[PDB]
Amino acid sequence: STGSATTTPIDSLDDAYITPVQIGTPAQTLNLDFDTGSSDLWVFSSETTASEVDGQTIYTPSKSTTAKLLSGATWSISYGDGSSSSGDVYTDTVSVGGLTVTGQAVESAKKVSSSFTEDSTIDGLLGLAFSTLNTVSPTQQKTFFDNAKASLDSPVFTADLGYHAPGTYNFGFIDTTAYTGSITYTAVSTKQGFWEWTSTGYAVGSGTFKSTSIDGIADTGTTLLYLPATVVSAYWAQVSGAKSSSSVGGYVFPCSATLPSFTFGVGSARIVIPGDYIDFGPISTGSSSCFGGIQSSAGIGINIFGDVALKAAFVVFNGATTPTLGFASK
Ligand SMILES: CCCn1c2c(c(SC(C)C)nc1=O)CCC2
């Protein structure tokens, strides 16, 4: 089997991407944030505290003839941005782009933090990291991909995120029309539960490539590119007037600037992030100071190849017995 679904930016900045997911019988379609940095499939629901729902579409398990309470199971997750959610668990039929999993754990939110409430466009998350990170207790549950994998034509999924445009998540096949050149594959460590890999270096604009190992995670659920402070300083030093602002929480730059590209290494291959992809717009409406899309990972504890980086590539998440990651230009 295979599946193929379009993923759409939630706003004009590509702050996140939503993908429609069918849950239950008859189907209830919710728009979920596919997150290769976490491993829980959770949804706004008829159980979510009413004051914490503000425009999201909810899953109502009592209206699904295939929903079954997973007795005694609870979940609770905290994300890197400080947001959180928690609740109880159903199993139900879940389909993505024509690919169906029966008995998928659907984590129903009883509580969500303010950032989730305030984003009416995201109805929940669909985790695509390794199932060892799943938070369900006392019986840990599998991700949608892990449940689907054995049925897929090939044990892979791909992320093809658009810049200010829709893109695609495919399951079970590699669309050879979706990228240019060849896909370069690179080793993954699953020891932290992530799609963790080592980039071979970077360049800023037309500058020379610096060979240096940068260990980080391929994370579709993180907006920006978070790299070591040395690398980030080297980038922003090429932008007149750019500075790290403690009051804003990172690097900002004059909105009048033309940003340089940023290249990262995948083995001997190179992925080029155009400068425009690094512009996250005014810090507040009407401001001439703009948010940067490359930020320091110092204090996170891990480097994160978020959407800014991934959207410049066609990315293969290879769930073979020994997982690997592939990157191609597009
Ligand atoms: C409503 C503004 C949300 N926001 C956004 C960004 C940053 S980047 C900052 C951490 C350097 N900080 C924010 O607070 C990038 C685009 C949206």
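Chain A uses Swiss-Prot numbers throughout; the residues present, in order, are 90-419.
We read in the header that X-ray crystallography, 1.0 Å was used to get this structure.
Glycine is treated like the rest: Cβ placed from N, Cα and C.
For reference, Swiss-Prot has these:
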type     : residues  : note
DOMAIN   : 106-417   : domain 'Peptidase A1'
ACT_SITE : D124      : active site
ACT_SITE : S288      : active site
DISULFID : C344-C379 : disulfide bond
Whole-number Å value for how far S288 (active site) lies from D124 (active site) (Cα to Cα): 20
The one of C344, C379 whose CB sees the fewest other CB atoms within 10 Å, among these disulfide-bonded residues: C344
Chain-internal residues near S288 (active site), provided their CB is under 8 angstroms and they sit 6+ positions away: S302, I303, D304, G305, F353, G354, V355, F394
Cβ neighbour count within 10 Å of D124 (active site): 21
